[PDB]
Every structure is written in structure tokens, then in C-alpha cells.
file run_13.txt (compact mmCIF, N, CA, C and O atoms and all ligand atoms)
# COMPACT_ATOMS: atom_id res chain seq x y z
N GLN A 1 -13.00 4.50 -6.70
CA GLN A 1 -12.30 3.23 -6.76
C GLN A 1 -10.80 3.47 -6.99
O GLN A 1 -10.31 4.56 -6.76
N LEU A 2 -10.16 2.39 -7.42
CA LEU A 2 -8.70 2.37 -7.49
C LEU A 2 -8.24 2.64 -8.91
O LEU A 2 -8.33 1.71 -9.72
N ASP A 3 -7.75 3.85 -9.18
CA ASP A 3 -7.23 4.22 -10.50
C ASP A 3 -5.81 3.69 -10.73
O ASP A 3 -4.86 4.48 -10.56
N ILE A 4 -5.78 2.43 -11.07
CA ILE A 4 -4.61 1.75 -11.57
C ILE A 4 -5.12 0.76 -12.64
O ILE A 4 -6.33 0.52 -12.67
N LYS A 5 -4.18 0.30 -13.44
CA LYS A 5 -4.42 -0.66 -14.50
C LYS A 5 -4.57 -2.06 -13.92
O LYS A 5 -3.93 -2.38 -12.92
N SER A 6 -5.41 -2.85 -14.56
CA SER A 6 -5.66 -4.25 -14.31
C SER A 6 -4.37 -5.03 -14.06
O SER A 6 -4.28 -5.77 -13.09
N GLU A 7 -3.44 -4.84 -14.99
CA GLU A 7 -2.16 -5.54 -14.98
C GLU A 7 -1.32 -5.05 -13.80
O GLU A 7 -0.69 -5.89 -13.16
N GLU A 8 -1.37 -3.74 -13.57
CA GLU A 8 -0.70 -3.18 -12.40
C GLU A 8 -1.33 -3.73 -11.12
O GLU A 8 -0.62 -4.09 -10.18
N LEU A 9 -2.65 -3.85 -11.01
CA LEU A 9 -3.20 -4.38 -9.76
C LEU A 9 -2.73 -5.80 -9.50
O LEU A 9 -2.36 -6.21 -8.39
N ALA A 10 -2.68 -6.60 -10.58
CA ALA A 10 -2.22 -7.98 -10.30
C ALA A 10 -0.76 -8.00 -9.89
O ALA A 10 -0.45 -8.78 -8.98
N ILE A 11 0.12 -7.18 -10.48
CA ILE A 11 1.50 -7.10 -10.02
C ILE A 11 1.59 -6.76 -8.54
O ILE A 11 2.26 -7.46 -7.76
N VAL A 12 0.92 -5.69 -8.14
CA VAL A 12 0.84 -5.34 -6.71
C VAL A 12 0.30 -6.50 -5.87
O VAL A 12 0.86 -6.86 -4.83
N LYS A 13 -0.80 -7.06 -6.36
CA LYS A 13 -1.45 -8.15 -5.65
C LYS A 13 -0.48 -9.31 -5.48
O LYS A 13 -0.41 -9.94 -4.43
N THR A 14 0.36 -9.62 -6.48
CA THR A 14 1.26 -10.75 -6.28
C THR A 14 2.35 -10.49 -5.26
O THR A 14 2.63 -11.35 -4.42
N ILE A 15 2.95 -9.30 -5.38
CA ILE A 15 4.03 -8.97 -4.45
C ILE A 15 3.56 -9.02 -3.00
O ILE A 15 4.26 -9.49 -2.09
N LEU A 16 2.36 -8.52 -2.70
CA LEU A 16 1.85 -8.44 -1.32
C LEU A 16 1.59 -9.83 -0.77
O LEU A 16 1.91 -10.15 0.37
N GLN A 17 1.03 -10.68 -1.63
CA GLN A 17 0.80 -12.05 -1.19
C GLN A 17 2.09 -12.81 -0.99
O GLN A 17 2.22 -13.69 -0.13
N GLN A 18 3.15 -12.53 -1.76
CA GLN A 18 4.35 -13.31 -1.48
C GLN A 18 5.18 -12.75 -0.34
O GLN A 18 5.89 -13.55 0.26
N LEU A 19 5.14 -11.45 -0.09
CA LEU A 19 6.02 -10.90 0.92
C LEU A 19 5.33 -10.60 2.25
O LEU A 19 6.03 -10.67 3.28
N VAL A 20 4.05 -10.23 2.25
CA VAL A 20 3.37 -9.89 3.52
C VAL A 20 1.96 -10.48 3.54
O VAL A 20 0.98 -9.79 3.66
N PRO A 21 1.80 -11.79 3.37
CA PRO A 21 0.44 -12.34 3.26
C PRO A 21 -0.24 -12.30 4.62
O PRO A 21 -1.46 -12.36 4.64
N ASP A 22 0.50 -12.17 5.72
CA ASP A 22 -0.20 -11.98 7.00
C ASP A 22 -0.51 -10.53 7.32
O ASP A 22 -0.68 -10.04 8.45
N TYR A 23 -0.63 -9.73 6.27
CA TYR A 23 -0.97 -8.33 6.50
C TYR A 23 -2.14 -7.93 5.64
O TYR A 23 -2.26 -8.26 4.46
N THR A 24 -3.07 -7.19 6.23
CA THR A 24 -4.09 -6.47 5.48
C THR A 24 -3.48 -5.22 4.83
O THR A 24 -2.66 -4.55 5.50
N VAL A 25 -3.87 -4.93 3.61
CA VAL A 25 -3.33 -3.76 2.87
C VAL A 25 -4.47 -2.98 2.22
O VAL A 25 -5.33 -3.55 1.53
N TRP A 26 -4.52 -1.68 2.42
CA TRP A 26 -5.42 -0.69 1.95
C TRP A 26 -4.68 0.31 1.04
O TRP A 26 -3.61 0.75 1.42
N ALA A 27 -5.27 0.61 -0.10
CA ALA A 27 -4.81 1.71 -0.98
C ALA A 27 -5.51 2.97 -0.54
O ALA A 27 -6.74 2.90 -0.26
N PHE A 28 -4.83 4.12 -0.43
CA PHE A 28 -5.51 5.38 -0.11
C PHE A 28 -4.93 6.52 -0.93
O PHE A 28 -4.20 6.29 -1.91
N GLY A 29 -5.17 7.80 -0.68
CA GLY A 29 -4.44 8.77 -1.51
C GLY A 29 -5.05 9.07 -2.86
O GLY A 29 -6.18 8.64 -3.14
N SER A 30 -4.35 9.80 -3.75
CA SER A 30 -5.03 10.40 -4.90
C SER A 30 -5.56 9.31 -5.80
O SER A 30 -6.52 9.51 -6.57
N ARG A 31 -4.93 8.13 -5.74
CA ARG A 31 -5.51 7.10 -6.62
C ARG A 31 -6.82 6.53 -6.09
O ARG A 31 -7.53 5.75 -6.74
N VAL A 32 -7.32 6.81 -4.88
CA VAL A 32 -8.64 6.23 -4.57
C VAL A 32 -9.66 7.38 -4.68
O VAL A 32 -10.88 7.23 -4.54
N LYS A 33 -9.13 8.57 -4.95
CA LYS A 33 -9.90 9.79 -4.87
C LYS A 33 -10.15 10.39 -6.24
O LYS A 33 -10.44 11.58 -6.37
N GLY A 34 -10.05 9.57 -7.29
CA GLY A 34 -10.18 10.10 -8.63
C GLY A 34 -9.24 11.22 -8.98
O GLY A 34 -9.45 11.86 -10.02
N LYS A 35 -8.18 11.54 -8.23
CA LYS A 35 -7.39 12.71 -8.66
C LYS A 35 -5.99 12.36 -9.15
O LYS A 35 -5.10 13.22 -9.11
N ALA A 36 -5.79 11.14 -9.65
CA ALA A 36 -4.51 10.60 -10.03
C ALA A 36 -3.96 11.22 -11.33
O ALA A 36 -4.67 11.23 -12.33
N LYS A 37 -2.73 11.69 -11.24
CA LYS A 37 -1.86 12.14 -12.34
C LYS A 37 -1.00 10.99 -12.75
O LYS A 37 -0.82 10.00 -12.03
N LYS A 38 -0.43 11.03 -13.93
CA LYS A 38 0.37 9.93 -14.44
C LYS A 38 1.46 9.39 -13.54
O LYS A 38 1.64 8.18 -13.45
N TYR A 39 2.20 10.30 -12.93
CA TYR A 39 3.32 9.86 -12.09
C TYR A 39 2.95 9.98 -10.62
O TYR A 39 3.85 9.97 -9.77
N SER A 40 1.65 10.04 -10.29
CA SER A 40 1.27 9.97 -8.87
C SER A 40 1.69 8.63 -8.27
O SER A 40 1.66 7.54 -8.87
N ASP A 41 2.16 8.68 -7.00
CA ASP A 41 2.49 7.40 -6.38
C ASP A 41 1.20 6.62 -6.09
O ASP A 41 0.10 7.12 -6.34
N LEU A 42 1.38 5.41 -5.57
CA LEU A 42 0.30 4.58 -5.07
C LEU A 42 0.50 4.50 -3.57
O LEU A 42 1.48 3.85 -3.17
N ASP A 43 -0.37 5.10 -2.75
CA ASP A 43 -0.21 5.03 -1.30
C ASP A 43 -0.81 3.76 -0.70
O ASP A 43 -2.01 3.58 -0.92
N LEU A 44 -0.06 2.92 -0.03
CA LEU A 44 -0.56 1.64 0.50
C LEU A 44 -0.35 1.64 2.02
O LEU A 44 0.78 1.84 2.50
N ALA A 45 -1.41 1.43 2.78
CA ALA A 45 -1.27 1.22 4.22
C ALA A 45 -1.14 -0.28 4.49
O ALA A 45 -2.03 -0.99 4.05
N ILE A 46 -0.07 -0.68 5.16
CA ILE A 46 0.24 -2.03 5.58
C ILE A 46 -0.29 -2.13 7.02
O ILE A 46 0.27 -1.46 7.89
N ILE A 47 -1.34 -2.90 7.20
CA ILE A 47 -2.09 -2.83 8.45
C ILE A 47 -1.61 -3.89 9.44
O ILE A 47 -1.67 -5.08 9.23
N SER A 48 -1.16 -3.38 10.57
CA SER A 48 -0.84 -4.25 11.68
C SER A 48 -0.70 -3.34 12.90
O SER A 48 -0.80 -2.11 12.76
N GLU A 49 -0.45 -4.08 13.94
CA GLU A 49 -0.30 -3.88 15.34
C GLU A 49 1.00 -3.12 15.59
O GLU A 49 0.92 -1.95 15.96
N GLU A 50 2.08 -3.83 15.36
CA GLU A 50 3.48 -3.52 15.60
C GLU A 50 4.24 -3.29 14.30
O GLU A 50 3.96 -3.96 13.31
N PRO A 51 5.15 -2.33 14.34
CA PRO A 51 5.93 -1.91 13.18
C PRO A 51 6.46 -3.13 12.41
O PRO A 51 7.09 -4.00 12.98
N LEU A 52 6.11 -3.11 11.13
CA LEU A 52 6.59 -4.02 10.11
C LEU A 52 8.06 -4.34 10.38
O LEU A 52 8.89 -3.45 10.56
N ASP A 53 8.35 -5.63 10.46
CA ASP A 53 9.70 -6.17 10.50
C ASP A 53 10.48 -5.55 9.34
O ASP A 53 10.01 -5.66 8.20
N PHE A 54 11.59 -4.93 9.66
CA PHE A 54 12.51 -4.22 8.79
C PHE A 54 12.81 -5.02 7.53
O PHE A 54 12.95 -4.55 6.41
N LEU A 55 12.92 -6.33 7.79
CA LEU A 55 13.44 -7.16 6.72
C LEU A 55 12.38 -7.29 5.64
O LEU A 55 12.77 -7.09 4.49
N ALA A 56 11.14 -7.57 6.02
CA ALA A 56 10.01 -7.73 5.13
C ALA A 56 9.66 -6.40 4.43
O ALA A 56 9.16 -6.51 3.32
N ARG A 57 9.94 -5.30 5.11
CA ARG A 57 9.86 -3.95 4.62
C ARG A 57 10.81 -3.77 3.43
O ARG A 57 10.39 -3.42 2.33
N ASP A 58 12.08 -4.03 3.70
CA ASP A 58 13.11 -3.93 2.67
C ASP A 58 12.75 -4.70 1.40
O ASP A 58 12.92 -4.17 0.30
N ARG A 59 12.29 -5.90 1.66
CA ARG A 59 11.97 -6.86 0.62
C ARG A 59 10.77 -6.36 -0.15
O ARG A 59 10.64 -6.66 -1.33
N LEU A 60 9.91 -5.60 0.55
CA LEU A 60 8.78 -5.06 -0.20
C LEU A 60 9.23 -3.96 -1.17
O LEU A 60 8.77 -4.03 -2.30
N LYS A 61 10.05 -3.06 -0.66
CA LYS A 61 10.56 -1.94 -1.43
C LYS A 61 11.35 -2.47 -2.62
O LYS A 61 11.19 -1.91 -3.71
N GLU A 62 12.12 -3.50 -2.33
CA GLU A 62 12.91 -4.18 -3.37
C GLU A 62 12.00 -4.70 -4.46
O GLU A 62 12.15 -4.38 -5.65
N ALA A 63 11.00 -5.50 -4.08
CA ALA A 63 10.06 -6.08 -5.04
C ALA A 63 9.33 -5.01 -5.85
O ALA A 63 9.11 -5.18 -7.05
N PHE A 64 8.93 -3.91 -5.22
CA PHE A 64 8.20 -2.90 -5.99
C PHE A 64 9.16 -2.15 -6.94
O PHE A 64 8.77 -1.90 -8.09
N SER A 65 10.36 -1.81 -6.45
CA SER A 65 11.32 -1.12 -7.33
C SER A 65 11.75 -2.03 -8.49
O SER A 65 11.97 -1.55 -9.61
N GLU A 66 11.85 -3.34 -8.29
CA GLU A 66 12.19 -4.27 -9.37
C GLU A 66 11.05 -4.48 -10.34
O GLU A 66 11.34 -4.91 -11.45
N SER A 67 9.80 -4.22 -9.97
CA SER A 67 8.67 -4.54 -10.85
C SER A 67 8.52 -3.60 -12.02
O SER A 67 9.16 -2.56 -12.07
N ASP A 68 7.60 -3.95 -12.92
CA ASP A 68 7.30 -3.09 -14.05
C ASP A 68 6.36 -1.94 -13.78
O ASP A 68 5.87 -1.29 -14.72
N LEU A 69 6.06 -1.59 -12.52
CA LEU A 69 5.10 -0.48 -12.34
C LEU A 69 5.71 0.85 -12.74
O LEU A 69 6.87 1.13 -12.45
N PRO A 70 4.93 1.70 -13.40
CA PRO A 70 5.47 2.97 -13.89
C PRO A 70 5.41 4.09 -12.87
O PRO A 70 5.75 5.21 -13.24
N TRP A 71 5.01 3.80 -11.63
CA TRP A 71 5.13 4.82 -10.60
C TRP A 71 5.59 4.17 -9.29
O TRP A 71 5.83 2.96 -9.28
N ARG A 72 5.74 5.00 -8.28
CA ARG A 72 6.32 4.53 -7.00
C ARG A 72 5.24 4.03 -6.07
O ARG A 72 4.13 4.61 -6.08
N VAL A 73 5.55 3.02 -5.28
CA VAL A 73 4.59 2.53 -4.25
C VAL A 73 5.06 3.11 -2.92
O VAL A 73 6.17 2.86 -2.46
N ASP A 74 4.26 3.93 -2.26
CA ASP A 74 4.58 4.65 -1.04
C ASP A 74 4.00 3.86 0.13
O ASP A 74 2.78 3.91 0.34
N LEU A 75 4.83 3.14 0.87
CA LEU A 75 4.35 2.30 1.99
C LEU A 75 4.13 3.08 3.27
O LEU A 75 5.00 3.81 3.74
N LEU A 76 2.97 2.96 3.91
CA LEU A 76 2.71 3.61 5.19
C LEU A 76 2.58 2.50 6.24
O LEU A 76 1.90 1.53 5.91
N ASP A 77 3.21 2.68 7.39
CA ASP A 77 3.13 1.71 8.50
C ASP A 77 1.97 2.11 9.43
O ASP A 77 2.11 3.10 10.16
N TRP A 78 0.84 1.40 9.36
CA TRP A 78 -0.29 1.72 10.24
C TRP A 78 0.13 1.73 11.71
O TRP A 78 -0.27 2.62 12.42
N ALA A 79 0.96 0.79 12.10
CA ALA A 79 1.33 0.77 13.53
C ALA A 79 2.02 2.03 14.00
O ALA A 79 2.01 2.28 15.21
N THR A 80 2.62 2.83 13.11
CA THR A 80 3.32 3.99 13.69
C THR A 80 2.69 5.24 13.12
O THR A 80 3.14 6.39 13.14
N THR A 81 1.49 4.99 12.58
CA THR A 81 0.74 6.13 12.07
C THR A 81 -0.19 6.72 13.12
O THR A 81 -0.80 5.94 13.84
N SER A 82 -0.27 8.05 13.21
CA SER A 82 -1.02 8.72 14.28
C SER A 82 -2.53 8.59 14.05
O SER A 82 -2.99 8.35 12.93
N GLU A 83 -3.29 8.79 15.12
CA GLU A 83 -4.74 8.62 15.06
C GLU A 83 -5.39 9.58 14.09
O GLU A 83 -6.27 9.25 13.29
N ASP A 84 -4.97 10.86 14.11
CA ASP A 84 -5.51 11.85 13.21
C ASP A 84 -5.41 11.43 11.74
O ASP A 84 -6.39 11.60 10.99
N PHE A 85 -4.25 10.92 11.36
CA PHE A 85 -3.99 10.38 10.05
C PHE A 85 -4.76 9.06 9.77
O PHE A 85 -5.37 9.03 8.71
N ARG A 86 -4.76 8.06 10.59
CA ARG A 86 -5.68 6.93 10.52
C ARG A 86 -7.10 7.39 10.23
O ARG A 86 -7.74 6.78 9.35
N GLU A 87 -7.67 8.39 10.88
CA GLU A 87 -9.05 8.83 10.66
C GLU A 87 -9.23 9.34 9.24
O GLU A 87 -10.24 9.17 8.53
N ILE A 88 -8.20 10.00 8.69
CA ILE A 88 -8.31 10.48 7.32
C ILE A 88 -8.24 9.32 6.35
O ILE A 88 -8.98 9.21 5.36
N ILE A 89 -7.32 8.39 6.59
CA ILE A 89 -7.32 7.20 5.71
C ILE A 89 -8.64 6.44 5.74
O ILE A 89 -9.13 5.96 4.72
N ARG A 90 -9.26 6.29 6.91
CA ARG A 90 -10.53 5.54 6.97
C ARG A 90 -11.66 6.21 6.19
O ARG A 90 -12.58 5.48 5.79
N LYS A 91 -11.68 7.51 5.95
CA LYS A 91 -12.72 8.13 5.13
C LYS A 91 -12.84 7.55 3.74
O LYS A 91 -13.91 7.49 3.14
N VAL A 92 -11.69 7.19 3.14
CA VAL A 92 -11.75 6.74 1.76
C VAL A 92 -10.56 5.81 1.51
O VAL A 92 -9.42 6.27 1.64
N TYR A 93 -10.81 4.56 1.18
CA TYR A 93 -9.70 3.63 0.91
C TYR A 93 -10.28 2.46 0.15
O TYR A 93 -11.50 2.26 0.13
N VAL A 94 -9.42 1.69 -0.46
CA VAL A 94 -9.76 0.47 -1.14
C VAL A 94 -8.98 -0.71 -0.61
O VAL A 94 -7.75 -0.76 -0.60
N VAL A 95 -9.69 -1.76 -0.17
CA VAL A 95 -8.93 -2.90 0.30
C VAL A 95 -8.27 -3.69 -0.82
O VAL A 95 -8.91 -4.09 -1.81
N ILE A 96 -6.96 -3.92 -0.65
CA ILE A 96 -6.18 -4.60 -1.68
C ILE A 96 -6.03 -6.07 -1.35
O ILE A 96 -6.11 -6.99 -2.15
N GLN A 97 -5.77 -6.30 -0.06
CA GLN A 97 -5.56 -7.62 0.50
C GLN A 97 -5.95 -7.67 1.97
O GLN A 97 -5.73 -6.76 2.75
N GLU A 98 -6.56 -8.76 2.45
CA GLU A 98 -6.79 -8.83 3.89
C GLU A 98 -5.85 -9.85 4.49
O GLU A 98 -5.41 -10.71 3.73
N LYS A 99 -5.55 -9.78 5.79
CA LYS A 99 -4.72 -10.86 6.34
C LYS A 99 -5.49 -12.17 6.11
O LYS A 99 -6.70 -12.25 6.31
N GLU A 100 -4.78 -13.20 5.67
CA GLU A 100 -5.49 -14.47 5.44
C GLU A 100 -6.18 -14.97 6.71
O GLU A 100 -7.25 -15.59 6.66
ZN ZN B 201 -0.14 9.77 -3.23
ZN ZN B 202 0.46 11.20 0.17
ZN ZN B 203 2.48 9.24 -1.09
ZN ZN B 204 5.30 7.73 2.47
ZN ZN B 205 -9.83 7.62 15.99
call {"tool": "encode", "arguments": {"input": "run_13.txt", "output": "C-alpha cells"}}
result
Amino acid sequence: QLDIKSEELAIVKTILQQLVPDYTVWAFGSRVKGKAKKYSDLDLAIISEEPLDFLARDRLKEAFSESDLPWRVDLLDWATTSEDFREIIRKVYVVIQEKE
């Protein structure tokens, strides 16, 4: 499952719903794999077709850097992610948000 704090999940959950609610978002990486260290980032795949609009991207990075989370949120763009890498993410992930 997702090794983050309750309070941290809701912070993430709020930011995603206000800035990219038309996007499905998956957590992957060491935090879904039980191997999380204190300052491990949180890897999030932003799922869509076409590369995330720059502006909404910026605003996401802004919102996460402004928040109280004690580690970094590492955004991955599914649309420009290669198939080999997509296949590895699909082995193990946690859904955070689906497109409404
Ligand atoms: Zn990571
Ligand atoms: Zn990584
Ligand atoms: Zn990372
Ligand atoms: Zn990255
Ligand atoms: Zn494939």
C-alpha cells in the first residue's frame, strides 16, 4: 500500500482535486513498495493522453512546494512516458484519484 501519513494523503488529495481534477493519478515507486526512507520522494503518475498543460504543471509543483509535506512530490507525465516504463509502473501502484 501507500506509505504516507493520513494527513499527508489528504493534503495530496486536495491539491490534485483542485489543480488537475480531470486527471487520474497513481502513486508508484518506493512508497508503494514498502521500501520508503524518511526523505524518499512520492512518485505520482499524472495519467493522460497528451502532455500536461505547462501551466497546470507549474501550478502543481507550486502547490506541492508550498504545502506542509516533508518530502518532494516527483511528477511523471504518462503521456511522454515510454512503454517499457509504463509496464513497470503497472506492476505495482496505488490509485490516488481517478478522472471524475
Ligand atoms: Zn521515489
Ligand atoms: Zn524514482
Ligand atoms: Zn522519484
Ligand atoms: Zn521525476
Ligand atoms: Zn505495454
call {"tool": "residues_near_ligand", "arguments": {"input": "run_13.txt", "ligand": "ligand ZN 203 (chain B)", "cutoff": "10 Å", "atoms": "only C-alpha atoms and all ligand atoms", "output": "list in words"}}
result
residues 28, 29, 30, 31, 40, 41, 42, 43, 44, 72, 73, 74, 75 and 76 of chain A
call {"tool": "residues_around", "arguments": {"input": "run_13.txt", "residues": "residue A:25", "least_positions_apart": "4", "cutoff": "6 Å", "atoms": "all atoms listed in the file", "output": "number ranges by chain"}}
result
A: 45-47, 94-99
call {"tool": "select_by_dssp", "arguments": {"input": "run_13.txt", "residues": "chain A", "states": "strand (DSSP E or B)", "output": "VMD selection string"}}
result
chain A and resid 24 to 28 42 to 47 73 to 77 94 to 97
call {"tool": "residues_near_point", "arguments": {"input": "run_13.txt", "point": "(-3.1, 6.5, 8.7)", "cutoff": "10 Å", "atoms": "only C-alpha atoms", "output": "list in words"}}
result
residues 28, 44, 45, 46, 47, 76, 77, 78, 79, 80, 81, 82, 83, 84, 85, 86, 87, 88, 89 and 90 of chain A
call {"tool": "write_last_selection", "arguments": {"input": "run_13.txt", "atoms": "N, CA, C and O atoms", "output": "PDB file, keeping the file's coordinate frame"}}
result
ATOM      1  N   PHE A  28      -4.830   4.120  -0.430  1.00  0.00           N
ATOM      2  CA  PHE A  28      -5.510   5.380  -0.110  1.00  0.00           C
ATOM      3  C   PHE A  28      -4.930   6.520  -0.930  1.00  0.00           C
ATOM      4  O   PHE A  28      -4.200   6.290  -1.910  1.00  0.00           O
ATOM      5  N   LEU A  44      -0.060   2.920  -0.030  1.00  0.00           N
ATOM      6  CA  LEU A  44      -0.560   1.640   0.500  1.00  0.00           C
ATOM      7  C   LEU A  44      -0.350   1.640   2.020  1.00  0.00           C
ATOM      8  O   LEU A  44       0.780   1.840   2.500  1.00  0.00           O
ATOM      9  N   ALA A  45      -1.410   1.430   2.780  1.00  0.00           N
ATOM     10  CA  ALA A  45      -1.270   1.220   4.220  1.00  0.00           C
ATOM     11  C   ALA A  45      -1.140  -0.280   4.490  1.00  0.00           C
ATOM     12  O   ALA A  45      -2.030  -0.990   4.050  1.00  0.00           O
ATOM     13  N   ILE A  46      -0.070  -0.680   5.160  1.00  0.00           N
ATOM     14  CA  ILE A  46       0.240  -2.030   5.580  1.00  0.00           C
ATOM     15  C   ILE A  46      -0.290  -2.130   7.020  1.00  0.00           C
ATOM     16  O   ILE A  46       0.270  -1.460   7.890  1.00  0.00           O
ATOM     17  N   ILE A  47      -1.340  -2.900   7.200  1.00  0.00           N
ATOM     18  CA  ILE A  47      -2.090  -2.830   8.450  1.00  0.00           C
ATOM     19  C   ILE A  47      -1.610  -3.890   9.440  1.00  0.00           C
ATOM     20  O   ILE A  47      -1.670  -5.080   9.230  1.00  0.00           O
ATOM     21  N   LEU A  76       2.970   2.960   3.910  1.00  0.00           N
ATOM     22  CA  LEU A  76       2.710   3.610   5.190  1.00  0.00           C
ATOM     23  C   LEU A  76       2.580   2.500   6.240  1.00  0.00           C
ATOM     24  O   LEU A  76       1.900   1.530   5.910  1.00  0.00           O
ATOM     25  N   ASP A  77       3.210   2.680   7.390  1.00  0.00           N
ATOM     26  CA  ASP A  77       3.130   1.710   8.500  1.00  0.00           C
ATOM     27  C   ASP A  77       1.970   2.110   9.430  1.00  0.00           C
ATOM     28  O   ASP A  77       2.110   3.100  10.160  1.00  0.00           O
ATOM     29  N   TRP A  78       0.840   1.400   9.360  1.00  0.00           N
ATOM     30  CA  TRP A  78      -0.290   1.720  10.240  1.00  0.00           C
ATOM     31  C   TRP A  78       0.130   1.730  11.710  1.00  0.00           C
ATOM     32  O   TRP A  78      -0.270   2.620  12.420  1.00  0.00           O
ATOM     33  N   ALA A  79       0.960   0.790  12.100  1.00  0.00           N
ATOM     34  CA  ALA A  79       1.330   0.770  13.530  1.00  0.00           C
ATOM     35  C   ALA A  79       2.020   2.030  14.000  1.00  0.00           C
ATOM     36  O   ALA A  79       2.010   2.280  15.210  1.00  0.00           O
ATOM     37  N   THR A  80       2.620   2.830  13.110  1.00  0.00           N
ATOM     38  CA  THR A  80       3.320   3.990  13.690  1.00  0.00           C
ATOM     39  C   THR A  80       2.690   5.240  13.120  1.00  0.00           C
ATOM     40  O   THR A  80       3.140   6.390  13.140  1.00  0.00           O
ATOM     41  N   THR A  81       1.490   4.990  12.580  1.00  0.00           N
ATOM     42  CA  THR A  81       0.740   6.130  12.070  1.00  0.00           C
ATOM     43  C   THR A  81      -0.190   6.720  13.120  1.00  0.00           C
ATOM     44  O   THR A  81      -0.800   5.940  13.840  1.00  0.00           O
ATOM     45  N   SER A  82      -0.270   8.050  13.210  1.00  0.00           N
ATOM     46  CA  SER A  82      -1.020   8.720  14.280  1.00  0.00           C
ATOM     47  C   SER A  82      -2.530   8.590  14.050  1.00  0.00           C
ATOM     48  O   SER A  82      -2.990   8.350  12.930  1.00  0.00           O
ATOM     49  N   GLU A  83      -3.290   8.790  15.120  1.00  0.00           N
ATOM     50  CA  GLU A  83      -4.740   8.620  15.060  1.00  0.00           C
ATOM     51  C   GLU A  83      -5.390   9.580  14.090  1.00  0.00           C
ATOM     52  O   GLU A  83      -6.270   9.250  13.290  1.00  0.00           O
ATOM     53  N   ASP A  84      -4.970  10.860  14.110  1.00  0.00           N
ATOM     54  CA  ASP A  84      -5.510  11.850  13.210  1.00  0.00           C
ATOM     55  C   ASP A  84      -5.410  11.430  11.740  1.00  0.00           C
ATOM     56  O   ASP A  84      -6.390  11.600  10.990  1.00  0.00           O
ATOM     57  N   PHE A  85      -4.250  10.920  11.360  1.00  0.00           N
ATOM     58  CA  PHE A  85      -3.990  10.380  10.050  1.00  0.00           C
ATOM     59  C   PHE A  85      -4.760   9.060   9.770  1.00  0.00           C
ATOM     60  O   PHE A  85      -5.370   9.030   8.710  1.00  0.00           O
ATOM     61  N   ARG A  86      -4.760   8.060  10.590  1.00  0.00           N
ATOM     62  CA  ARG A  86      -5.680   6.930  10.520  1.00  0.00           C
ATOM     63  C   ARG A  86      -7.100   7.390  10.230  1.00  0.00           C
ATOM     64  O   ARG A  86      -7.740   6.780   9.350  1.00  0.00           O
ATOM     65  N   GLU A  87      -7.670   8.390  10.880  1.00  0.00           N
ATOM     66  CA  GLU A  87      -9.050   8.830  10.660  1.00  0.00           C
ATOM     67  C   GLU A  87      -9.230   9.340   9.240  1.00  0.00           C
ATOM     68  O   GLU A  87     -10.240   9.170   8.530  1.00  0.00           O
ATOM     69  N   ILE A  88      -8.200  10.000   8.690  1.00  0.00           N
ATOM     70  CA  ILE A  88      -8.310  10.480   7.320  1.00  0.00           C
ATOM     71  C   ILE A  88      -8.240   9.320   6.350  1.00  0.00           C
ATOM     72  O   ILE A  88      -8.980   9.210   5.360  1.00  0.00           O
ATOM     73  N   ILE A  89      -7.320   8.390   6.590  1.00  0.00           N
ATOM     74  CA  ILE A  89      -7.320   7.200   5.710  1.00  0.00           C
ATOM     75  C   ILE A  89      -8.640   6.440   5.740  1.00  0.00           C
ATOM     76  O   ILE A  89      -9.130   5.960   4.720  1.00  0.00           O
ATOM     77  N   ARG A  90      -9.260   6.290   6.910  1.00  0.00           N
ATOM     78  CA  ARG A  90     -10.530   5.540   6.970  1.00  0.00           C
ATOM     79  C   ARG A  90     -11.660   6.210   6.190  1.00  0.00           C
ATOM     80  O   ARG A  90     -12.580   5.480   5.790  1.00  0.00           O
TER      81      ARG A  90
END
call {"tool": "residues_around", "arguments": {"input": "run_13.txt", "residues": "residue A:68", "least_positions_apart": "3", "cutoff": "8 Å", "atoms": "only N, CA, C and O atoms", "output": "list in words"}}
result
residues 8, 11, 63, 64, 65 and 71 of chain A
call {"tool": "atom_distance", "arguments": {"input": "run_13.txt", "atom1": "atom C of residue A:52", "atom2": "atom CA of residue A:17"}}
result
15.7 Å
